[PDB]
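Provided herewith is a single structure, encoded as structure tokens, for subsequent inquiry.
When the chains are written out, they are named A, B, C, D and E in that same order, and each has its own residue count from 1.
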Amino acid sequence: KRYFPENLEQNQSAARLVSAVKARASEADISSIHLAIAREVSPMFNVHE
Amino acid sequence: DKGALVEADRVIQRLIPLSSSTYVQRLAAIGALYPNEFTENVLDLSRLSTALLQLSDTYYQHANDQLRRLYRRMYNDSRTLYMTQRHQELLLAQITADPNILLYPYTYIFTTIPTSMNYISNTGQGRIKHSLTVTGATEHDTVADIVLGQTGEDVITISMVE
Amino acid sequence: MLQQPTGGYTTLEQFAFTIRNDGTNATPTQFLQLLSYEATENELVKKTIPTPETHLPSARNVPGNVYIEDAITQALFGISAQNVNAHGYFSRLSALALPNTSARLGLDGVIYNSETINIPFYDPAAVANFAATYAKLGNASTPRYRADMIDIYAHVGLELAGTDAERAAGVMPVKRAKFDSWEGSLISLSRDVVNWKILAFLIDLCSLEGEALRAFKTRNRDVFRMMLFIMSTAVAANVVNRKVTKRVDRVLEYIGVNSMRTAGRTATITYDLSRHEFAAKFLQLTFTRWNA
Amino acid sequence: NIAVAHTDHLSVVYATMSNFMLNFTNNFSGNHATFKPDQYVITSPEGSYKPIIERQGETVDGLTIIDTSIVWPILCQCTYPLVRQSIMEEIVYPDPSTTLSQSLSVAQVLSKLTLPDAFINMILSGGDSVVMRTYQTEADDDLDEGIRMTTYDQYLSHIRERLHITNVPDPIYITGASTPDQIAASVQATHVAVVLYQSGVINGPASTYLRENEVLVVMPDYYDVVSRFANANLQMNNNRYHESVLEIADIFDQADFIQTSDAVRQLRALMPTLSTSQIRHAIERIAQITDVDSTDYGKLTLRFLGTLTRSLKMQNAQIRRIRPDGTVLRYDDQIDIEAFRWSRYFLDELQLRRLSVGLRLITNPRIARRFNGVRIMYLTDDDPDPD
Amino acid sequence: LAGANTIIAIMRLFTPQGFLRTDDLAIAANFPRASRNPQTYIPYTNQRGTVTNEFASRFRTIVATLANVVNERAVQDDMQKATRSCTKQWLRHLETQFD
């Protein structure tokens, strides 16, 4: 992972930020990612939420 | 200018910005234009700078284009000491009297003094009671309505009956 | 000894002053035609140049033959010259100042302590008139004799940028010089000028009198102006290029204003503080001689 | 007891160290109420500025955490040579050569360190480019011909910060009351053929000026571009234009800012399209080629500095003060030092001087032995000549 | 909107950086297509310049805006003041990663 700049993750005053990003940053998976790309072009029939 | 004898140490009592912020440059620019009308009133020194800054901001804001460019010239040549011809005649006098004397070398003599309107500048206490004249030199044509902002009761209360 | 002609030494083809330009050896005057100006709101007013000090710095007891022309040109025009007053060899001109000295100023620009065979040299009288003023380059750095390095540049501008009317007035708008340019133009101009045998120019400037001197001052005004141009580029606050429809216009702002910059730049030669002191002194002396 | 040791001995140690080569910043004016450090940053028009001073979370092996308690040993349990009671220990005056030489070792390690990146950036210094529609305003205009223009967002992305670096007044807004002369004064004030559009409609002579002089109008948008001009020819049309790249080198031409040698121009013309990773690969390669083992002190310093990540985008980077408010100030004579006005690509003077000669070599015809194009033709080869 | 310019300005960070391609190859192939003028928004065009990438530059302006947004954010707690300063660094990192 390359979520943070050098030193910032181990930084103690960065902790709330690091927790926020980590709360957002899901692990990479080929399937979810390919899906995210593919559904940009795929027709939608049930409205997305 | 009033012709009085003066015992002051130097003919010009203004400072020269050898190296300065932009605001100092504009202050020095407006200081050689002598905008102020003569006044005998007491002034509040504590806010003087602000006054002189605001004055400057207005002076350039409504001067004729040549006076504007002149102000800009002074503003850019802040190292130069601008002065009226009579000032320089005084300097020539004191040099011929004491040849060894050291005067600031980089000076520019005004061949003609600027014709700008004198500014009233009483920064002391008390409201002005203007008596608006019916007519003047300026001609107006379809001037826009000037909305007056609401004022707090802290500034001015309006009782019904004097 | 090369005898000085009725005109200056500069009348001789041996001392042609030319800058390389458009693939040819252009005369400086026909380069200055390329120059053009953009007045700014700001003004230059020329003040009287203070009279140079009577004191000629003592030539030190120097065994060697000082290369004076090289020192002077490199101080005024050199791309890489620095600390020009530390070595202090300009004082050597004063050796030539004496009547009946054994010293000779060679056409090489060297200052021989004795006349020496197969080295042509300028007539000692003319050189004496020259040294009697230019030895004072030897005290360009001594504090009592330092030239103003700010006001003097007005004259530079006036003699360079100035129209005949602006020159008669003694005041001109601060202008901004510009010319269509090849790559590295100002550097090449400065090197073409550093190669000049300017001692011929200064010697003729100091030795000539009356009609000869006046004819010299007109015939050579553009040479002087080229030296002024190199010098001014050395003190110009900035030197930009401008696109102009598949042509590039070099632009130096501003003429006649010494910005006192000492940081180097690729575009042009740079004056260290010492180079400023030297150029200031040079301009004081040379402008003094130029007006009489 | 210790007072004489401090005021009369340690004070001189401070006075010396303040003069050491690498002690380059001003640390404190002595007045707590008002003092703040000057805050320089390296500033790319491209990437983000990087402040020299920030809370970047680098403890430097715990050096940034300050134990005040240290004052106790300094008072209550340390000896000083001036405080004898009296042994009269002789004062030590340390050899300059040691600190001086290590300072020099650091400096030389640093310049040698930045060199390959500075070189590639010098080459690509003109290479950033804005998108540029060129509307045609004449019957027989070539695609290159016309009125050049660009979106205001491009102007912000590229042109404006560079104008701030060049320290020139912002280009005039044009209102259709504008004379070609006013346009000219603007361009000659900013040294860049750029004006910002404001209100309609631009008049005939002004438009002919912008066309003949290749001035680049900066429209807020391309919503109805032809409405903005009074095109008497009616040759202009919203559908008639050529979108095309415009290199910054083809706008700006400052000598120590944007390398615009035709040598470098054609050399870049030879380059394949480049991503940032490509450029980084180039720098790393050059560094790999020209790395030379340092004096042992220098190896210790590079070891101490940690991995050379170099996230900072060094293209066209300058050194500028920022306001504590966060805005980047224009370079100011009367406050910033002359060295800071132009980075000169972060190359040494002599390197630039040599670079010019090198450019003369690189464009020499004799060197140019990469050939383009072949003619396939079936022919007998009697009396061959290469030419 | 007259008094909510910062909101509108932040909202402009969301405008797409692509272009609306016509689905030409499908129309040539007579592929089924419900619109009478088939189209499709490609998120981003390929880089036409030799060095500048318009996508990355756009993200630079976005992160710059967000950074000055964070910088201008008043905070009460000291820890918030810290996270405010760190968020700007993280933003700077995001910008390089994107580029």
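By our rule, a residue touches a chain if its C-beta (ideal position, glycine included) is under 8 Å from a C-beta of that chain, and two chains touch if they have at least 3 such contacts.
S.K.: For subunit C and subunit E, what is the smallest step count along a path of chains that touch one another?
M.R.: 2
S.K.: Sort the other chains by how far their Cα centres are from that of subunit D and give me the top one.
M.R.: B
S.K.: Count the touching C-beta pairs: is D-E or C-D ahead?
M.R.: More C-beta contacts join the chains of D-E.
S.K.: Farthest chain from subunit E, going by mean C-alpha coordinates, please.
M.R.: It is C whose centre lies farthest from that of subunit E.
S.K.: Roughly how many whole angstrom separate the Cα centroids of subunit B and subunit E?
M.R.: Chain centroid spacing, subunit B to subunit E, equals 51 Å.
S.K.: Using mean CA coordinates as chain centres, what's the subunit A-subunit E distance in Å?
M.R.: About 16 Å, centre to centre.
S.K.: Compute the distance, rounded to whole Å, between the mean C-alpha positions of subunit B and subunit D.
M.R.: 42
S.K.: So how far apart, in whole Å, are subunit A and subunit D when each is placed at the average of its C-alpha atoms?
M.R.: Chain centroid spacing, subunit A to subunit D, equals 33 Å.
S.K.: What residues in subunit B touch two or more of the other chains?
M.R.: Residues of subunit B never touch two or more of the other chains.
S.K.: Can you list the residues of subunit A that touch 2 or more other chains?
M.R.: Touching at least two other chains: 5, 8, 11, 13-14.
S.K.: Where on subunit D does subunit A make contact in their complex?
M.R.: 55-58, 309, 311
S.K.: Which of the residues in subunit D come into contact with subunit C in the complex?
M.R.: The touching residues are 166, 187-188, 191-193, 212-214, 250-251, 253-256, 260-262, 333, 338-339, 341-342, 344, 349, 352-353, 356.
S.K.: State the interface residues of subunit C toward subunit B in the complex, per the touch definition above.
M.R.: 41-43, 45, 148, 150-151
S.K.: Enumerate the contact residues on subunit A facing subunit D in the complex.
M.R.: Contact set of subunit A toward subunit D: 5-8, 10-11, 13-14.
S.K.: Help me check something: in the complex, which residues belonging to subunit E touch subunit D?
M.R.: Residues 47-54, 56-58, 60-61, 63-64, 67-68, 71, 82, 85-86, 89, 91-93, 95-96, 99 of subunit E touch subunit D in their complex.
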